[PDB]
$ cat my_file38.cif   # mmCIF, C-alpha atoms
data_upload
loop_
_atom_site.label_atom_id
_atom_site.label_comp_id
_atom_site.auth_asym_id
_atom_site.auth_seq_id
_atom_site.Cartn_x
_atom_site.Cartn_y
_atom_site.Cartn_z
CA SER B 11 0.00 0.00 0.00
CA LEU B 12 1.23 3.47 -0.91
CA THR B 13 0.79 6.71 1.04
CA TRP B 14 -0.25 9.91 -0.82
CA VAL B 15 3.36 10.52 -2.01
CA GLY B 16 3.90 7.05 -3.58
CA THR B 17 0.29 6.91 -4.89
CA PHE B 18 0.85 10.08 -6.90
CA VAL B 19 4.26 9.03 -8.15
CA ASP B 20 2.98 5.61 -9.23
CA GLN B 21 0.11 7.24 -11.24
CA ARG B 22 2.39 9.94 -12.75
CA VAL B 23 5.23 7.48 -13.77
CA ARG B 24 2.58 5.08 -15.25
CA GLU B 25 1.31 7.98 -17.42
CA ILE B 26 4.75 8.96 -18.64
CA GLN B 27 5.75 5.31 -19.06
CA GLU B 28 2.70 4.48 -21.27
CA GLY B 29 3.35 7.69 -23.33
CA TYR B 30 7.03 6.57 -23.79
CA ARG B 31 5.82 3.12 -24.86
CA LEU B 32 3.64 4.83 -27.54
CA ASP B 33 6.63 7.06 -28.55
CA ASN B 34 4.53 10.09 -27.57
CA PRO B 35 6.68 13.26 -28.11
CA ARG B 36 5.58 14.90 -24.84
CA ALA B 37 6.57 11.77 -22.80
CA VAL B 38 9.91 11.51 -24.67
CA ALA B 39 10.74 15.24 -24.00
CA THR B 40 9.62 15.02 -20.38
CA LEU B 41 11.90 12.05 -19.55
CA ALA B 42 14.82 13.73 -21.45
CA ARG B 43 14.33 17.02 -19.55
CA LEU B 44 14.20 15.12 -16.23
CA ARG B 45 17.56 13.51 -17.05
CA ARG B 46 19.10 16.83 -18.09
CA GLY B 47 17.80 18.31 -14.77
CA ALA B 48 19.45 15.58 -12.63
CA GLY B 49 21.48 16.85 -9.63
CA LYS B 50 20.19 20.45 -9.67
CA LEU B 58 10.24 22.24 -14.25
CA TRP B 59 7.91 21.44 -11.37
CA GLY B 60 4.83 21.34 -13.62
CA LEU B 61 6.07 18.17 -15.40
CA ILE B 62 6.66 16.27 -12.21
CA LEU B 63 3.95 17.63 -9.85
CA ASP B 64 0.36 18.68 -10.60
CA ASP B 65 -2.69 19.47 -8.45
CA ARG B 66 -3.41 15.74 -7.89
CA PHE B 67 -0.25 15.58 -5.71
CA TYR B 68 -1.39 18.46 -3.42
CA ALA B 69 -5.13 17.71 -3.40
CA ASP B 70 -5.03 14.58 -1.24
CA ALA B 71 -2.09 15.55 1.02
CA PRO B 72 -2.74 15.04 4.77
CA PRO B 73 -1.90 17.68 7.41
CA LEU B 74 1.86 18.18 7.33
CA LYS B 75 4.74 19.14 9.72
CA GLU B 76 6.98 22.25 9.06
CA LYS B 77 9.30 21.27 6.16
CA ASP B 78 7.60 18.01 5.25
CA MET B 79 5.92 19.26 2.03
CA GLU B 80 9.36 20.28 0.66
CA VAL B 81 10.76 16.82 1.45
CA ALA B 82 7.74 15.11 -0.22
CA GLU B 83 8.15 17.30 -3.32
CA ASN B 84 11.87 16.54 -3.36
CA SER B 85 11.19 12.79 -2.93
CA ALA B 86 8.80 12.84 -5.92
CA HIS B 87 11.36 14.83 -7.91
CA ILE B 88 14.18 12.32 -7.15
CA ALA B 89 11.95 9.32 -7.94
CA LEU B 90 10.81 10.76 -11.32
CA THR B 91 14.42 11.72 -12.28
CA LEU B 92 15.64 8.21 -11.37
CA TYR B 93 12.83 6.65 -13.40
CA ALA B 94 13.77 8.86 -16.44
CA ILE B 95 17.35 7.57 -16.22
CA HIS B 96 16.08 3.95 -15.75
CA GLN B 97 13.65 3.96 -18.71
CA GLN B 98 15.90 5.66 -21.29
CA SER B 99 16.22 3.58 -24.51
CA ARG B 100 14.53 0.60 -22.85
CA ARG B 101 11.95 0.03 -25.56
CA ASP B 102 11.17 -3.61 -24.64
CA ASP B 103 10.13 -3.45 -21.03
CA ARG B 104 8.50 -1.24 -18.35
CA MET B 105 11.14 -0.09 -15.80
CA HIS B 106 8.46 0.88 -13.32
CA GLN B 107 6.56 -2.24 -12.02
CA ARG B 108 4.66 -2.46 -8.75
CA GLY B 109 5.96 -4.85 -6.10
CA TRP B 110 9.69 -4.57 -7.06
CA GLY B 111 11.52 -3.45 -3.87
CA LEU B 112 15.02 -1.95 -4.21
CA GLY B 113 16.75 -4.78 -2.19
CA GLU B 114 15.08 -7.50 -4.36
CA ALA B 115 16.05 -5.65 -7.58
CA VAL B 116 19.66 -5.15 -6.52
CA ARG B 117 19.99 -8.86 -5.51
CA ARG B 118 19.15 -9.84 -9.22
CA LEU B 119 22.40 -8.13 -10.24
CA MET B 120 24.33 -11.08 -8.77
CA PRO B 121 23.97 -14.93 -8.84
CA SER B 122 21.25 -16.03 -6.35
CA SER B 123 24.02 -18.36 -5.10
CA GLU B 124 26.44 -15.44 -4.29
CA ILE B 125 26.97 -11.93 -3.01
CA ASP B 126 29.15 -9.42 -5.04
CA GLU B 127 30.84 -7.83 -1.98
CA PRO B 128 31.84 -4.51 -3.59
CA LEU B 129 28.27 -4.03 -4.93
CA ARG B 130 26.72 -5.13 -1.60
CA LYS B 131 29.05 -2.69 0.22
CA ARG B 132 27.88 0.15 -2.09
CA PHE B 133 24.23 -0.83 -1.63
CA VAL B 134 24.64 -0.73 2.16
CA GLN B 135 26.19 2.72 1.84
CA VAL B 136 23.14 4.08 -0.02
CA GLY B 137 21.02 3.99 3.18
CA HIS B 138 23.66 5.84 5.17
CA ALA B 139 23.61 9.06 2.99
CA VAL B 140 23.59 12.16 5.25
CA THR B 141 21.75 14.38 2.72
CA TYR B 142 19.06 13.91 0.06
CA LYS B 143 21.59 15.06 -2.56
CA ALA B 144 23.95 12.20 -1.56
CA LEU B 145 21.05 9.76 -1.34
CA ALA B 146 19.91 10.68 -4.90
CA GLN B 147 23.53 10.41 -6.29
CA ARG B 148 23.98 6.97 -4.62
CA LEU B 149 20.62 5.74 -5.89
CA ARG B 150 21.44 6.93 -9.43
CA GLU B 151 24.52 4.61 -9.51
CA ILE B 152 22.32 1.65 -8.49
CA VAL B 153 19.52 2.43 -10.99
CA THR B 154 22.12 2.71 -13.78
CA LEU B 155 23.13 -0.92 -12.98
CA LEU B 156 19.49 -2.04 -12.76
CA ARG B 157 18.84 -0.48 -16.18
CA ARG B 158 21.76 -2.39 -17.79
CA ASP B 159 20.15 -5.69 -16.59
CA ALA B 160 16.62 -4.43 -17.48
CA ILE B 161 15.43 -5.01 -13.88
CA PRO B 162 12.34 -2.92 -13.00
CA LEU B 163 11.67 -1.05 -9.77
CA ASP B 164 8.45 0.09 -8.00
CA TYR B 165 8.82 3.90 -8.19
CA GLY B 166 5.64 4.49 -6.03
CA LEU B 167 7.24 2.42 -3.29
CA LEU B 168 10.62 4.10 -3.78
CA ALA B 169 9.05 7.60 -3.53
CA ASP B 170 7.42 6.60 -0.22
CA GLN B 171 10.74 5.36 1.14
CA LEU B 172 12.55 8.51 -0.08
CA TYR B 173 9.97 10.57 1.95
CA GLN B 174 10.23 8.14 4.92
CA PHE B 175 13.99 8.85 5.03
CA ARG B 176 13.47 12.34 6.60
CA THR B 177 13.67 11.04 10.21
CA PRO B 178 16.37 8.79 11.73
CA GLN B 179 13.71 6.26 12.67
CA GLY B 180 12.20 6.28 9.15
CA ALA B 181 15.70 5.85 7.59
CA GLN B 182 16.30 2.75 9.78
CA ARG B 183 12.94 1.33 8.68
CA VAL B 184 13.89 1.88 5.02
CA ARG B 185 17.39 0.32 5.41
CA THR B 186 15.72 -2.65 7.16
CA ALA B 187 13.20 -3.09 4.28
CA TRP B 188 16.04 -2.95 1.70
CA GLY B 189 18.16 -5.40 3.76
CA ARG B 190 15.25 -7.85 4.01
CA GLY B 191 14.43 -7.61 0.29
CA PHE B 192 18.06 -8.18 -0.68
CA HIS B 193 18.11 -11.56 1.25
CA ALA B 194 14.45 -12.60 0.56
#
$ encode --input "my_file38.cif" --output "structure tokens"
Amino acid sequence: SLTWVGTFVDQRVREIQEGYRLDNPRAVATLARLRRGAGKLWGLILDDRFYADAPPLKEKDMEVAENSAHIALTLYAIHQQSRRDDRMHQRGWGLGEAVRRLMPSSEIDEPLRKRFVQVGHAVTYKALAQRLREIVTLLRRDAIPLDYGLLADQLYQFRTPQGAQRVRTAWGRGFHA
């Protein structure tokens, strides 16, 4: 189940993803602009549907939710690029499960596992986005999908130390599942 952040992102990425599948020019330009924007327009990512269902919010929590949606959409744009055959956003694909497919189910690639572990220990959202980008690049090369609604939720959940621990634990569990 997704909260309001992940529910929006799931619906928005599905829209762009189906448009990219159809080779729709607006969808193609939107994903390209999202990639060119990486590490740096609102109206492409976030529309009134995102704000309309939002629950009461603490002081800087809207900014974090907007940033979480922005990171998720940018990562998806990088993930989907030139992948004509398959959808890179699929519900139910946790980040730990996806990363584990990069190695034999028999084995653990220690340098990759070390890097994956380090993703959850990012001190800022900028570092977290940069670390996730490296992982999604690898997932793209193997054509492994991810659930971007779920990821957006977890990005938002990261704002508190206790939420970050819960996210690291979910990724840890999915990696060994």
$ closest_residue --input "my_file38.cif" --among "B:37, B:23, B:184, B:155" --to "residue 129 (chain B)" --atoms "only C-alpha atoms"
B:155
$ closest_residue --input "my_file38.cif" --among "B:173, B:133, B:142, B:68" --to "residue 188 (chain B)" --atoms "all atoms listed in the file"
B:133
$ resolve_selection --input "my_file38.cif" --expression "the PyMOL selection byres ((chain B and resi 168) around 9)" --output "list in words"
residues 16, 85, 89, 111, 112, 163, 164, 165, 166, 167, 169, 170, 171, 172 and 173 of chain B
$ atom_distance --input "my_file38.cif" --atom1 "CA of residue 82 (chain B)" --atom2 "CA of residue 15 (chain B)"
6.6 Å
$ atom_distance --input "my_file38.cif" --atom1 "CA of residue 18 (chain B)" --atom2 "CA of residue 174 (chain B)"
15.2 Å
$ atom_distance --input "my_file38.cif" --atom1 "CA of residue 113 (chain B)" --atom2 "CA of residue 46 (chain B)"
26.9 Å
$ closest_residue --input "my_file38.cif" --among "B:38, B:90, B:30, B:102" --to "residue 62 (chain B)" --atoms "only C-alpha atoms"
B:90
$ closest_residue --input "my_file38.cif" --among "B:95, B:44, B:140, B:119" --to "residue 177 (chain B)" --atoms "only C-alpha atoms"
B:140
$ residues_around --input "my_file38.cif" --residues "residue 103 (chain B)" --least-positions-apart "6" --cutoff "9 Å" --atoms "only C-alpha atoms" --output "short mmCIF file (atom, residue, chain, number, x, y, z; two decimals) with C-alpha atoms, in the frame of the given file"
data_model
loop_
_atom_site.label_atom_id
_atom_site.label_comp_id
_atom_site.auth_asym_id
_atom_site.auth_seq_id
_atom_site.Cartn_x
_atom_site.Cartn_y
_atom_site.Cartn_z
CA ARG B 31 5.82 3.12 -24.86
CA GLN B 97 13.65 3.96 -18.71
CA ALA B 160 16.62 -4.43 -17.48
CA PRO B 162 12.34 -2.92 -13.00
#
$ closest_residue --input "my_file38.cif" --among "B:33, B:151, B:114, B:78" --to "residue 99 (chain B)" --atoms "all atoms listed in the file"
B:33
$ decode --input "my_file38.cif" --residues "region 159-180 of chain B" --atoms "N, CA and C atoms" --output "CSV table (one decimal), in the first residue's frame"
chain,number,residue,atom,x,y,z
B,159,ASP,N,20.7,-4.3,-16.7
B,159,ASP,CA,20.1,-5.7,-16.6
B,159,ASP,C,18.6,-5.7,-16.9
B,160,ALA,N,18.1,-4.6,-17.2
B,160,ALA,CA,16.6,-4.4,-17.5
B,160,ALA,C,15.8,-4.9,-16.3
B,161,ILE,N,16.2,-4.7,-15.1
B,161,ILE,CA,15.4,-5.0,-13.9
B,161,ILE,C,14.6,-3.8,-13.5
B,162,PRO,N,13.3,-4.0,-13.3
B,162,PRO,CA,12.3,-2.9,-13.0
B,162,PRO,C,12.4,-2.6,-11.5
B,163,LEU,N,11.8,-1.4,-11.1
B,163,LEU,CA,11.7,-1.1,-9.8
B,163,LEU,C,10.2,-0.4,-9.5
B,164,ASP,N,9.7,-0.6,-8.3
B,164,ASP,CA,8.4,0.1,-8.0
B,164,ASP,C,8.7,1.5,-7.6
B,165,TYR,N,8.5,2.5,-8.5
B,165,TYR,CA,8.8,3.9,-8.2
B,165,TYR,C,7.9,4.6,-7.2
B,166,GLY,N,6.6,4.0,-7.1
B,166,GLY,CA,5.6,4.5,-6.0
B,166,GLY,C,6.2,4.1,-4.7
B,167,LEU,N,6.6,2.9,-4.6
B,167,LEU,CA,7.2,2.4,-3.3
B,167,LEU,C,8.5,3.2,-3.0
B,168,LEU,N,9.4,3.4,-4.0
B,168,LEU,CA,10.6,4.1,-3.8
B,168,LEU,C,10.4,5.6,-3.3
B,169,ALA,N,9.4,6.2,-3.9
B,169,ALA,CA,9.0,7.6,-3.5
B,169,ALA,C,8.6,7.6,-2.1
B,170,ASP,N,7.8,6.7,-1.6
B,170,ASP,CA,7.4,6.6,-0.2
B,170,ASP,C,8.6,6.5,0.7
B,171,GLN,N,9.6,5.7,0.3
B,171,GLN,CA,10.7,5.4,1.1
B,171,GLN,C,11.7,6.6,1.2
B,172,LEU,N,11.8,7.2,0.0
B,172,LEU,CA,12.6,8.5,-0.1
B,172,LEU,C,12.0,9.5,1.0
B,173,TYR,N,10.6,9.7,1.0
B,173,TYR,CA,10.0,10.6,1.9
B,173,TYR,C,10.2,10.1,3.4
B,174,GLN,N,10.1,8.7,3.6
B,174,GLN,CA,10.2,8.1,4.9
B,174,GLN,C,11.6,8.4,5.5
B,175,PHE,N,12.6,8.6,4.6
B,175,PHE,CA,14.0,8.9,5.0
B,175,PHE,C,14.2,10.1,5.9
B,176,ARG,N,13.2,11.0,6.0
B,176,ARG,CA,13.5,12.3,6.6
B,176,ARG,C,13.8,12.3,8.0
B,177,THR,N,13.4,11.2,8.7
B,177,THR,CA,13.7,11.0,10.2
B,177,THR,C,14.7,9.9,10.4
B,178,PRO,N,15.4,9.9,11.5
B,178,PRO,CA,16.4,8.8,11.7
B,178,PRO,C,15.6,7.5,11.8
B,179,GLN,N,14.5,7.5,12.5
B,179,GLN,CA,13.7,6.3,12.7
B,179,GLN,C,13.1,5.8,11.3
B,180,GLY,N,12.6,6.7,10.5
B,180,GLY,CA,12.2,6.3,9.2
B,180,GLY,C,13.3,5.7,8.3
